[PDB]
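For reference, the chain that follows is the form deposited in one PDB entry, supplied as structure tokens.
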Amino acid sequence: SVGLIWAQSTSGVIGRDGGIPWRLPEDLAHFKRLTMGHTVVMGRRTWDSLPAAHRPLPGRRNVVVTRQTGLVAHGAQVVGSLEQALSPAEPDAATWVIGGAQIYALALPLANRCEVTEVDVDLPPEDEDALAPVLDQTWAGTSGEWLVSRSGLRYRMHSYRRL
């Protein structure tokens, strides 16, 4: 099973300036709970965006997709395409594609589940922002209730599965 997991502003922003333009502890916790013990596949820019104590993501098999033959990514497995990332020598019951926008676009046709956090933060998109994938009619979903973070932002989780 191949799943995508991301958090986006309502406006569709997932990344800015090489990082994340909000802080949402409940989403970090959701992400860590869903992915612990499993494989996480990411693009090289997402690998470079990870803060020090999270590079590699502890307790997960980290797979980094790059065209740079020769890239060294201590704590991760480097592969040269998304198809390679999804063709492991050692299978995993759960593989999560964890970003960014470039890799989500390649992975969406291959995935059967998306776990989406929606963040009610007003972020007019800016020209270099990374943006969320768009789900078409081949996906159907369920939405949790709007919740308020301990840090103040409204947020909610959505779970989509391929029809």
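The first residue of the sequence shown is number 1, and the count goes up from there. Take the two forms, find the largest set of C-alpha atoms that superpose within 1.5 Å, and that set is the rigid core. Residues that one form lacks are left out of the comparison.
Beyond the structure shown, there is the form deposited in another entry, which is absent from this document and is the topic of what follows.
Superposed on the rigid core, the two forms differ between the shown form and the other one by 2 Å or more at the C-alpha of one listed residue only; from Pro51, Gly70, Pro109, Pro124 that residue is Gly70. Note: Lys32-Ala89 Cα separation is 3 Å or more shorter in the other form than here.
Distance between the C-alpha atoms of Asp92 and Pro58: longer by at least 3 Å in the other form than in the displayed form. Once the two forms are aligned on their core, the segments of at least three consecutive shared residues with Cα displacements of 2 Å or more between the shown form and the other one fall at 70-73, 88-93.
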